[PDB]
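Take a look at this single chain in structure tokens; it is the form deposited in one PDB entry.
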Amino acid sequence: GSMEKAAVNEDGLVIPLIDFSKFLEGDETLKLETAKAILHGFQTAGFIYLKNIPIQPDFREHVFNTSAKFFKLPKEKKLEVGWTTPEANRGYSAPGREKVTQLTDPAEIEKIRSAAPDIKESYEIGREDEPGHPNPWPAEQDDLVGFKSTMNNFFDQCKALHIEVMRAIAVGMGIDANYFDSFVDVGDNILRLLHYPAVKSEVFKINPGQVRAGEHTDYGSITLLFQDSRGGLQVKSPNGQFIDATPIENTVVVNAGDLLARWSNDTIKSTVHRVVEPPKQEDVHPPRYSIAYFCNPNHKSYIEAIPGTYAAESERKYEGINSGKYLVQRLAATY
């Protein structure tokens, strides 16, 4: 059974490239081989690349064009649909500079003045019918006619891919193929549209420590990351070095989040990643677009060690937790 050349292979970090159609359409042997490859990727790197996913490239291109049209809106129109609370986790955001005030501790004043916020903006969409948390959609005029219908369609197709990736994980683990279905079928996911504005490379010298997206781990089960061809995404290697996650045409980068790491009793890795300058020399870095679809267990789900991820009970590292509660704690922490 032919395995593809790794998407990334540097400094001990090996991120496999996997043809997802072989899990969905292959005979039983090929299906299992592919599922095991997916699982092995999550167990080692915490990251995989998938090609030939059910989401069509022309639709993805349209979704990116539609996203670009949103971010071209004037600042006042974007702020009108602003991110409000961590428990909603929906709407427009752009990181601002912290201000010095009467209340600030003088030890922190030097840091605040020299701090460089991430050069990015985002717009987050949740499932439409979540009680108490409506999506703040912008008005549908001119270029934004079709915005909602496009993004809701994309949301549901990514929701479907989440279910299938978890099925691959289950098949790879040798547990019931549909084990995760009842934990993920609600689609309590977040569609994060990202725009990193064009920026002069000198900005990164004027502001040392400046990045496009600060280093972090994702919170949920998995993240489906669709990136354009600009580059800048980096994944931390097992030797502690950030390695370039090179863009590959018509792939989706998939990584496990902290909840899946915990759920798997740390058999699956949630790996630190960031976005920095693209690895090419140029005076001006053009705009970068990406879409992060954060997949989560159902907010009602109780998360405890998956069967087959431990032998003796003493090997369980974590107490059970409610999924929804965990996420809001992560979202609310910074504020």
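The first residue of the sequence shown is number 1, and the count goes up from there. By rigid core we mean the largest C-alpha set that fits within 1.5 Å across both forms. Shifts are known only where both forms have a C-alpha.
One more form of this protein, deposited in another entry, exists but is not displayed; see below.
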item: Core-superposed comparison between this form and the one not shown - Cα displaced by 2 angstroms or more, from 87, 140, 156, 129; value: 87
item: Core-aligned C-alpha movement of residue 240 between this form and the one not shown, 2 Å or more; value: no
item: Threshold 2 Å Cα movement between this form and the one not shown at residue 74, rigid core reference; value: no
item: Cα displacement of residue 178 between this form and the one not shown reaching 2 Å, rigid core superposed; value: no
item: Superposed on the rigid core, segments between this form and the one not shown of at least 3 residues with Cα shifts of 2 Å or more; value: 83-88, 99-111
